[PDB]
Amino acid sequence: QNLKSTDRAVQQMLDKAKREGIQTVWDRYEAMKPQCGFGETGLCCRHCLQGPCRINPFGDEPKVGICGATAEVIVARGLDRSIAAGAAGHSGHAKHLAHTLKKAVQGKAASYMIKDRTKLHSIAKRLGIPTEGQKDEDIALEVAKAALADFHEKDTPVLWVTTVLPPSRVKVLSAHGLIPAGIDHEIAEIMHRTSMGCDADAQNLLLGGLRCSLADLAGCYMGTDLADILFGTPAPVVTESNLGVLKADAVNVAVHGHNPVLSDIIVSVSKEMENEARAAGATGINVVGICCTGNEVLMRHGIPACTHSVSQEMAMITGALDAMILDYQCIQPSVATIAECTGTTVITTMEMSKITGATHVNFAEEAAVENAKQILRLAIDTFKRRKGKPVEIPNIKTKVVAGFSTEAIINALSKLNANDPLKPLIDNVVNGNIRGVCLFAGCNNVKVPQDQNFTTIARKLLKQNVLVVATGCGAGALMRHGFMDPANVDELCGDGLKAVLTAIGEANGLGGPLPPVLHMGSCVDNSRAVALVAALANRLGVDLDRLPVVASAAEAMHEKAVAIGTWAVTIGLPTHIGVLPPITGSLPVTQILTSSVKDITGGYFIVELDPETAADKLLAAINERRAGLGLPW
């Protein structure tokens, strides 16, 4: 089972699933092998009913699609649609939060409110919205209107791009025509240009993809901005992760998906139902996280994270998961059938994401508290039904220090230099105590033993004094393996990094270092890493493609991960991806994405499936940036 997952709790549940005959994601993967090589390389097209068209990577015919589409075109069109799909997900999440904010301040949903007034005013100021003499509710209405306006064409470009990157970066992108005109506008233009008989030039297609990836970035940044207004900006928090956070004697409720608009409410209501939970024989309601909705409630409230990504079904295999409350994205639909064998109540809540066989509760912000109580009552009913049933919760968990929003990081550094908080970080980059910054992002993927690339790469970088930040299921992988426990700093960190983590920690009262890796939140909260890197760029007077900052989607899966990787490249970062995207069928497309894009945006993809080699390549990319700044490395 260590060939399926490096997580010992997951391995234990894989053994239980095997003896109980419950099929898992790894079993379904095995049943899919050998997978189609045309699809894996990108050399398949189904964009019209003359297809499917395939092209042999090598050899004889077919060499070209029926309409004449070349391998270059086919691969670039497929990739562009994946970017658009990812942008559609992140920006659908942001759009939902925009409507939620508008409702809150129009007095239509009093379960929601402006919790972070400081963040509201700073976002308003960034967008050019006047705050002097205005009611907070009016400023917020303007912010939510601006958010909605970035989805369509208007007299300005997408402000959640142009106001969040350095002017010099905006200028470079504008010169190449890459600034998005509107988020849903770009998604639709991708779907148009990639349909049959339209764009058929790889460079032109890929430029469109880069622009659509910035629409994804805008959705991510908008989502983080709106969620912080509504739910609070994260600050350091201490919690736990892995399946041992489930408690046999409690009602275990997982929040799973991406958008916390309902699961933030679940967290609140669950505490006010502690006595109703007790009347049913439980100690309490134990809300736990899965995937990014879990990250959201971890970062804001310290809710423990049960599991992530590819291993999500394992939480149900314990027998102790009374409810799984779903919104959208990255939810394996197998959960609805597994639930019949495990006793879990799987509940969908969003109209555009239902799963056959799950119970649907139509969540409305207007009714959030009532809907939450209905859902938790189902979970309580379920707890009662498992009276007397043995459960097998692996007694395995890690300590997690998290909550490192960009504001939190700036505040932590400000204890070393109150009026120039970024300077202590920069000083330690210059002197080499911090070699550079690496962001780990993205999913797990069944093709890769779970977490093996995140942990292997992170260990090498941390020994070389790289400041490692993480989001999403990359943060999930690292937290489940102890990378967010400060007790592991001596083992994992080089001496320079340890010194910096210790100096900042001790200056923040902790009598101990910051954790080895800083958890910056959910996938949309990759936008927080952008905010940090852009602030560093501003403070140094250079663009992001001169900073010693890299990204790694070390185990990517979702179309959203492709979008994030592409915008990381577009904003100027060397960007590692540790699974193969469907590009190898076209050398010209591969060469653009891994090399000639450098001449457009300064960033580039590093495709490398061997994680030791990827770490070396990421270090070389960091060290090249250091050399370009005239720094030792």
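The first residue of the shown sequence is 1; numbering continues from there.
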Worksheet item: Mean C-alpha B factor from the entry: is it higher for 339-347 or for 150-158?
Response: 339-347
Practice prompt. Taking the mean of the C-alpha B-factors per stretch from the entry, tell me the winner out of 510-518 and 72-80.
Written response: 510-518
Worksheet item: Highest Cα B-factor in the deposition, which of 439, 198, 504, 299?
Response: 504
Worksheet item: Looking at 88, 324, 317, 273, which has the highest Cα B-factor in the entry?
Response: 273
Fill in: For residue 59, the third of its chain into which the C-alpha B factor falls
highest
Worksheet item: Is the Cα B-factor recorded for residue 293 in the lowest, middle or highest third of its chain?
Response: middle
Discussion item. Using only modelled residues of the chain, where does the Cα B factor of residue 231 rank: lowest third, middle third or highest third?
Written reply: middle
Worksheet entry | Position of residue 585 among the chain's modelled residues by C-alpha B-factor, lowest, middle or highest third | middle
Worksheet item: What third of its chain, lowest, middle or highest, does the C-alpha temperature factor of residue 383 fall into?
Response: highest
